[PDB]
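First, one chain by itself in structure tokens, the form deposited in one PDB entry.
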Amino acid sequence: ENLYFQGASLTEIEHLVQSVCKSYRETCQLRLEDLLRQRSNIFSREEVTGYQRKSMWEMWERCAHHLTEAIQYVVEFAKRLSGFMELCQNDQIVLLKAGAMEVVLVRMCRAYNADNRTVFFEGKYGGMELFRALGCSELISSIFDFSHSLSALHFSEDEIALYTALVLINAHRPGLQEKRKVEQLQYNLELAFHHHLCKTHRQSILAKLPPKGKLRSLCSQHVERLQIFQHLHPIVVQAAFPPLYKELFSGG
């Protein structure tokens, strides 16, 4: 069915490296240069107050919609990924349901500026105070601290590409039917990723990378804060939340 479901040679590993870096470039949502070309367009104190003055439900809707758009590009990355489409539909959904948010959280460090501790949100850079109306301060400081940690690693687009393929292709996801098939694909991508770090003299970041429990904690915290908002505003979720968001985080 697919080459990456068996043992691959050094040459095949080299083509996987370029395949992943290619698939990523076609689905990154915003170019790194465009994101760096805005670091100076910061939201004003008046605009920050404007966000802070927005209702909790409005802030949640805006954020859920932005999360949904970013997740949609991650779905495209997955489809263009070598071996993902050769997996069954159950496994494709399992991997995307568990991995999509984790990929968005990793991709996010590009859109975060460690110098001023701001994130590119709705056209400009704003600090974590911009999201004060959401009513989940622990989650926002946890997402900023994580992006601050990944920012310290000085990732290249290629490194983000290779690592995000790994975050998604996880053979340990509960509910996987073809566990051995996902095990071989994960192995080949681990080889692909480690090959590039070796070739680029970047193997030192391997020990500096966050644990798999960190990405899980952030995803679980998101589902927790969503359950709390849903209890407060059930109609806002039902009527104004994107169906993809509800499918991934509310199971319908």
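Think of the rigid core as the biggest set of C-alphas that the two forms share within 1.5 Å after superposition. Residues that one form lacks are left out of the comparison. In case it trips you up, residue 1 is the first one in the sequence shown, and so on.
Same protein, other form: the form deposited in another entry, not shown, and the subject of what follows.
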Core-superposed comparison between this form and the one not shown - Cα displaced by 2 angstroms or more, from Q203, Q52, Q227, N41: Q227
When the two forms are laid on each other by their rigid core, does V236 show a Cα shift of 2 Å or more between this form and the one not shown? yes
What happens to the Cα distance from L139 to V236 in that other deposited form: does it get closer or farther than here, with a change of 3 angstroms or more? farther
Distance trend in that other deposited form - C-alpha atoms of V236 and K54, change of 3 Å or more: farther
Core-aligned, C-alpha shift of at least 2 Å, runs of at least 3 residues: can you list them between this form and the one not shown? 226-241
